[PDB]
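S.K.: here are the coordinates; sequence isn't available:
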RNA sequence: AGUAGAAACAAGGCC
RNA sequence: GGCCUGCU
């Protein structure tokens, strides 16, 4: 019943910014190439706190993840999730 | 006889009849407190302002038939103009002093028996023995202490039934007091005040004050006894201690 | 040489002579005219501290309301009412965790009280805004008028005699199409749904007088009678909660406040080792009431009442629901003067919505322009925040939650803090290993306060090392120091009556000797001055003097008539036997053994026409509004003498269209006196039941005539006369 | 089943049973058999009680209809049919009058012959079980019990049946009528067993209708219904949400502590403008006294005669003339008022007995001086809207005025000793305890120190003037009244003396509100020439009225003697507070006694005598150009008394605001001097709060100057 | 005029 | 001119 599509990923410079959006409680999760899933935001993880901000428009049915001051260690597929329902993910490469 | 007669007279007039009919017993209190008189915000200012008027106090209508309208020189003692929202008439303060020099006299022998607390205080102080004043810093520490020295180990509600059965034996209702201490208190205060005619309400109030235990938080240094706390102002100070032993001990 | 008292502080520490800095010997400031300007200013200020919220229009009242909750976080140190729901819920959760079982217990006792409370408890209150007449009236009068209107409209559940049933009727009135009210000028007027909603949700605004300690005047509010029961229940719950919190100081007295302050300072400093530094902040909160949103109180209570019967939750939630939609009456109005034509005019505040702005100055013009959008039917919507400390206890609960949120278990850092909160005032003791730690702790405390809609007044606050601080005019310097300047205004004649004034004065001297460290010689001087003022006020001079007054003749003849003149009361022109040892004895009992039996009997005569006693509550209780504090009641020891008269009433009702209230007063008092003569316990214990007056009175007449014959004065002739007179009044009540 | 009670029973019983139904709060539609059963119980109660009368004998007289007579006594008097409160009222009354025992449950009837209760109950079941059932329900009962049952049988203990048997035949005929009438109805499928003692109820407080919608509009911004918000709250648990917002919140939201050092505090700025004027209601430093040396006490005497006698003691009167005009009024009116006062004083002197209180004529002079008929007439807005001049009352910050040096000298000479005792204290109970003796000795020392002080004279002047003014306003509301300023002192030689400073004319004083103003005109003699400090007398009109000769070694001075005349006003609150000026004595001497006690707590001994006699210890109580000057404890007493007196005289909102906002800074400075590392969050805000209270009041400006001097001397 | 200070008093209303 | 009220 809940389909999800992520937008707003891509190639960015280190120290740059990026606004992920997921069209549909909700979470943003990430997967680096050599690992399983990592919690980003729902609350934010230690590795992304202060840099990254999660915000939703319930009238647009969209969840946003505003990433700033990006590091090479953010480089992952960023997946959106609804709580059981998972997006396909958007590639972010820093 | 009389009581039902003014009852019938009240029911004669339509408005009072309606008030008596539609008003239920529970609303008794409400309508009794129903008044247009606001509670004064600055009592001192108006007491100093009203006493400069003629006829500043109020008294029952009966005053018009016990005290003459004027004294020897013609200073008026009472007026026939009633108060705002009562049948009482406004009268001059002289009508008080007049009542204390030529008014009716009675036998006040039973007031000491009624106002037990105050007379016990007086008796305790009259036989007290003072001692030397010692000047040294007093470490006043704040503690919860009982101020009433005659409390019979009863709470407010606990002694309220006792008070009713002592004064209003018929309105007690379901309650029949179980504790035997209450039994003896009822017996004593019943046989003692059997014909006292001060007022049921004041008798009940003073019995409540005497029997009910009351407690307050105060800065004390030493003492801590009920008899030693009523004179806490006289025995303990900022830098002086006055040894005292009430007459009871 | 020029004299300068302030230089005295160069040798005597400031707190040891702080009494000199309290000019409480002169007339306190008073307001003279309308309080409409202050009301409008307060409304605008409350609405602009939450400007960044979101606007809506209520579908029932049609008024614009501003919701700032969960709004943007503040980016400046200015006052802000943008409280965050999640943060406050978390604070309450931590409060519960640190004090398990607090909410459940408090809710249990509150449920007991609510389901056993009676309607008459609402009469025990000061002025309340009666909507039947759109004016402030005594609580009992407003309650009676509202009950009469409800019964006339068909809402008679309050006849059950239960406050919960009265509130049920109040809520049911909200869903009525058309109510009816009475007005005298009697005319029956019809109020539609919206008009009655606004009349039940509105507040009456006045100006606070006798307020010492500030140059500018403020405005205060009084709610109606429909919302006071819910407020009573909510405050009962909040009091039961705070009584379980040692960090709160609102539900206690002054001495308890001092004891708790001493305990907390000793706990904080003593536990601190040599390495930890300690600092005390003497904080005041700016715009405390204007920044507390009722929706947040709703959230706090619904979190408190979790896992409780739904009816309890609903009845406790009704109050903040009405405060969130509360309206405020602008006030008396505005008075204009024309010097060219030499006249004056008084326009009511309700015209501010439509009246042109040519008559108003720039400041008032702008205030009206800003407040007009919120004007609905002559009253302004005040949703964003509380007006004047109606929820004192819930605000104290929130402050105590903030204080407890730094117990070093939630700080997660070396620094920590504690202290005491009493609404609008607090003392905060913060300990940390270094000045940087103290700075971080205070910064985080301030930030957390700003997340709950609470602001700290930086201008009226300062931080020093622990050992010296202030709290509600109590100056602590290694131990609390007496002031005695706060109680100075209470050293005169109270203004109740002669005996009451004497007893109250001596008792006040005694108490201030016990608590405020009043000196012996100072107490004797106070006694002398009080006696002088008492004699000069009541025209009762020593009697042996030649001071001619309106009462000096009767007093002098009483003096010359009496043999043992030492027993005469000061009220009757006798000598004063009071002293430091006799301050706890009533005057009558101190002079009892010296009075002549004739004068003693004349004085304490039950048949005197002056003494009047109404209820057990008003026997020896005097309401003295203390300086720099809320109205308080005192028990004063006094003997019922001929001097216990009650003074004259206002008597100005005779010139007003509300003149019939006096006739109703007289008739109600006549009926009440008759009932009391029929039911002697009417005063001491308020009667209960569901029957009507005449039934009880006639039936008790039956029985008492019977039994008083079975032994007493009655006779068969009289008993039968009473029986058939009872039948006569029965058939009269039939028709 | 209710149709039966519709049909058979009379109204009286059915509404009695309906009110008994309402009594315990259960509804009649759910279970009605109880209604029928208890109404039949009530019916048997009536039918058993009525038709049964007694006369002075026992042996009840039974009449089918009560004949007109006094002989209508009822044999059995009913208990039930009444509310619980009244049922217990009758129970208690019977017990207290009959001397019988009080039952714990409700009886049904009382009887005289046997002087006891009857508890009638007719149950469906047979008697011989229900009887002992209710008997074991009732503990140790002497009330006789009697029950019937439908089969027709009767029983009772003692084999006692208390009245006629034809009545009981009546009862059982009624009983079987009931029975074989239900026979036509058919109710015994439940009649025998229909009540089992159910007592339960659930309290229901439901939010619905409009009040529910209001609940839906009192939630956080992103909630739609109270149901959803309560569900969210119940499901809410702490998951570190305060930390997230604290991290996200801007760092500019801080409470940084600014260190408070010696160089931090700056002197308070005083307002600049025209010099400050005099506001007192009477002359303080420039007063003059005409005396008689009479033996009367303060209140003893008659005012007008004393004033006239004092004024006749002075010779050298001259025709009055203007010296310094009011600069805003009509000085000739003041001149004419003075001459009118003199003329009417003579008029009183001529007649038989000096009146206790005199009323003056309402001439145009005092009509203007007292501001009569100047209040604008009150009208309605609908009649005055086109008037361009119509606007609000002038509401702006008061005029700014700079401090002058006269208030400093006035306070200086308000703390100086005098050649008289201005306090005659009342009596107290003879001291019995040693502590009372110590208190009395201390009090005597302070009275000796402060009685000879200008502050006490000002206290007495203000108290007397305000008392007289208030009493005259309350008594003579309409008509202008003359009141001579009188104060009685005692000389060093011990001779009592009276002093007449001048006169006060009170005007119309119809004071309703505590803020309503009563206007009067005050005239006071003096010798101080007003040509040296004119700015201090902006609102006064000063005439030349005579010459005075006081004995001096320089021949004899023959100084001029002027009259300060002005229009002033007060209010009920101001009069009341000025008539309680004696508490300044309290304030001051409480402070001094606190000092003495604090010092004596160090040395275990009372330290009053050496403080007042040796005068070794001194406190900083003023600054001279040489430096800070210290004085003995008595001078501190007088200084504090003068400070309190001036607080009571120049009271104003400015004083309160400045006092509070300067006590804050004083506490901060004290913390600094105590080495307690004081800190502030916004000191500029506190300074601005203090500086906004200083506008035009001489007293508050002098206090601010004193505070600046204290800061300058402190912080070292 | 005067009192006082963010608005008022310097009598009100009723005939 | 006559009368009413002084916290309504």
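M.R.: Good, I have the coordinates. Numbers count the residues shown, from 1 in each chain, chains lettered A, B, ... in the order given.

S.K.: what residues sit buried inside the helix or strand containing residue D:609?
M.R.: According to DSSP states H and E, residue D:609 maps onto helix D:608-613. By 16 or more other C-beta atoms under 10 Å in any protein chain shown, the buried positions in helix D:608-613 come out as D:608, D:611-612. Placement of C-beta: from N, CA and C, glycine included.

S.K.: these two touch, right, residue C:157 and residue C:165?
M.R.: Yes: contact status for residue C:157 versus residue C:165: in contact at 4.6 Å, counting by C-beta atoms under 8 Å.

S.K.: hang on, the earlier thing: the helix holding residue D:609 and chain B, any residue contact?
M.R.: No: residues of helix D:608-613 contacting chain B under C-beta under 8 Å from any C-beta of the partner chain: none, with a closest distance of 10.8 Å.

S.K.: ok, the closest residue to residue B:63 other than its chain neighbours - contacts?
M.R.: In this structure, residue B:63 finds its nearest non-sequential neighbour in residue C:609, 3.9 Å apart by C-beta to C-beta, 6 or more residues apart in numbering or on different chains. Residue C:609 is in contact with B:59-63, B:66, counting by C-beta atoms under 8 Å, 6 or more residues apart in numbering or on different chains.

S.K.: in those residues, which residue is surrounded by the most others?
M.R.: residue B:59 (29 neighbours; other C-beta atoms under 10 Å in any protein chain shown).

S.K.: how near is that one to residue B:82?
M.R.: Distance, residue B:59 to residue B:82, by C-beta to C-beta, to the nearest Å: 11 Å.

S.K.: count of neighbours near the one residue in chain A that gets nearest to chain B?
M.R.: Residue of chain A nearest chain B, by C-beta to the nearest C-beta: residue A:43 (46.6 Å). Around residue A:43 sit 14 other residues, with neighbours defined as other C-beta under 10 Å.

S.K.: from what I can see it touches residue D:240, true?
M.R.: Yes: between residue A:43 and residue D:240 there is a contact under C-beta under 8 Å: 6.8 Å.

S.K.: domain parsing for chain C?
M.R.: C:254-284+C:391-481, C:496-635, C:652-734 (automatic domain parsing).

S.K.: turn those into CSV, columns for distance to residue B:149.
M.R.: CSV is the format used below for the domains of chain C (distance: least, C-beta to C-beta, whole Å):
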stretch, distance to residue B:149
domain C:254-284+C:391-481, 20
domain C:496-635, 11
domain C:652-734, 24
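
S.K.: list the residues that contact both of residue B:59 and residue B:82?
M.R.: Common neighbours of residue B:59 and residue B:82, counting by C-beta under 8 Å, 6+ apart, are B:88-89.

S.K.: so is the helix or strand following the helix holding residue D:609 next to chain C?
M.R.: Using DSSP H and E, the helix or strand that follows helix D:608-613 in sequence is strand D:619-624. Yes: using C-beta under 8 Å from any C-beta, strand D:619-624 reaches chain C at D:619-624.

S.K.: among the residues you listed, who's most crowded?
M.R.: When neighbours are counted as other C-beta under 10 Å, the busiest of these turns out to be residue D:621, with 25 neighbours.

S.K.: how about the contacts made by it?
M.R.: Residues near residue D:621 by C-beta under 8 Å, 6+ apart: C:3-5, C:7-8, D:629-631, D:635-636, D:639.

S.K.: how about the nearest residue to it, chain neighbours excluded?
M.R.: Residue D:621's closest residue in space is residue D:631 (C-beta to C-beta, 6+ apart), at 4.6 Å.

S.K.: residues in contact with that neighbour?
M.R.: Residue D:631 touches D:618-619, D:621-622, D:639, counting by C-beta under 8 Å, 6+ apart.

S.K.: among those residues, which one lies nearest to residue C:50?
M.R.: residue D:639 (50.4 Å; C-beta to C-beta).

S.K.: neighbours around that closest one, how many?
M.R.: Number of residues near residue D:639 (other C-beta under 10 Å) recorded here: 27.

S.K.: contacting residues for the closest residue to chain C within chain A?
M.R.: Closest to chain C within chain A is residue A:43: 10.7 Å, counting by C-beta to the nearest C-beta. Taking C-beta under 8 Å, 6+ apart, we find residue A:43 in contact with D:239-241, D:244.

S.K.: could you redo the last one with a cut-off of 7 Å?
M.R.: Residues near residue A:43 by C-beta atoms under 7 Å, 6 or more residues apart in numbering or on different chains: D:239-240, D:244.

S.K.: repeat for residue D:161
M.R.: With C-beta under 7 Å, 6+ apart, residue D:161 has these contacts: residue D:168.
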